[PDB]
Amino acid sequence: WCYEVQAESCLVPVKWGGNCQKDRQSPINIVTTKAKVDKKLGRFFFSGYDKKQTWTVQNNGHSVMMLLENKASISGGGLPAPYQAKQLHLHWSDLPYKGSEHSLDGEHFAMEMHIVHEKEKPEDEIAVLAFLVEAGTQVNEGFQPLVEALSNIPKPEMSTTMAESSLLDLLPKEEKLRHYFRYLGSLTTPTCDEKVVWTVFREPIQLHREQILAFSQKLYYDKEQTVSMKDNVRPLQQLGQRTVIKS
């Protein structure tokens, strides 16, 4: 399987297999005025998110990914149970208007960060937290260890160790995470299993444009380094019978 961009030089998204052609797929456009406010949707509680750890990050050929090894977890957020954190990864492009998987009222962001969690032992076995990323004038210092690590992992099957950092370092201030959207959907890469309760945070992370561009400048999808890693984004799927709600 591959993204559309890789085919312009494999199984493009409209041709994915598995559950990818089913009817409750992600990502989607969120029409914000149509997302009904829902009183059950409370703030999230983060556990282990503040902790400075040296994380390992890898280029897996589809993205860059940090292994979180159950070292953080979440509860609250309208979730039915606590979910343990497994891995963080990103989707991006190289334009201010074109790299998130979800869009808000039709606007795409320059990246989207997914923190994938799993129900602590059907439709909601997996909780993914999605954060939108846009340009700011300031270097986001919190993101610097990740950005710095990318030059050590240019090809797939490569991994490296980041300088000390916390998950919170990567995120908007916690008081700004109270507004979010929620819906039921799928993983956005094959086999696209329809098992995710999605959360998309309204408040975006701000990165320096060149911190964003550093993902496309340093990373490649292939050992031969012929295709820069960017536009690792699944096209939009239809909402269909589903509704989106918001806190």
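Numbering starts at 1 and runs along the sequence shown. Just so we're on the same page, rigid core means the largest C-alpha set that superposes within 1.5 Å between forms.
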Greatest C-alpha divergence in 8 other deposited structures of this protein once each structure is fitted on the rigid core, 68-76 or 129-137: 129-137
Continuity check for residue 9 and residue 10, given as deposited residues lacking coordinates between them: 4 to 9
Which of 92-100 and 163-171 has higher mean CA B factor, as the PDB entry lists it: 163-171
Mean C-alpha B-factor comparison - 129-137 and 102-110, higher one: 129-137
Most elevated Cα B-factor in the entry, residues 52, 202, 182, 218: 52
Third assignment of residue 156 from its chain's C-alpha B-factors: lowest
Record-listed C-alpha B factor of residue 37: chain third: highest
Cα B factor band for residue 74 (lowest, middle or highest third within the chain): middle
Chain third (lowest, middle, highest) by recorded CA B-factor, residue given as residue 62: lowest
Chain-wide C-alpha B factor ranking for residue 236, given as lowest, middle or highest third: lowest
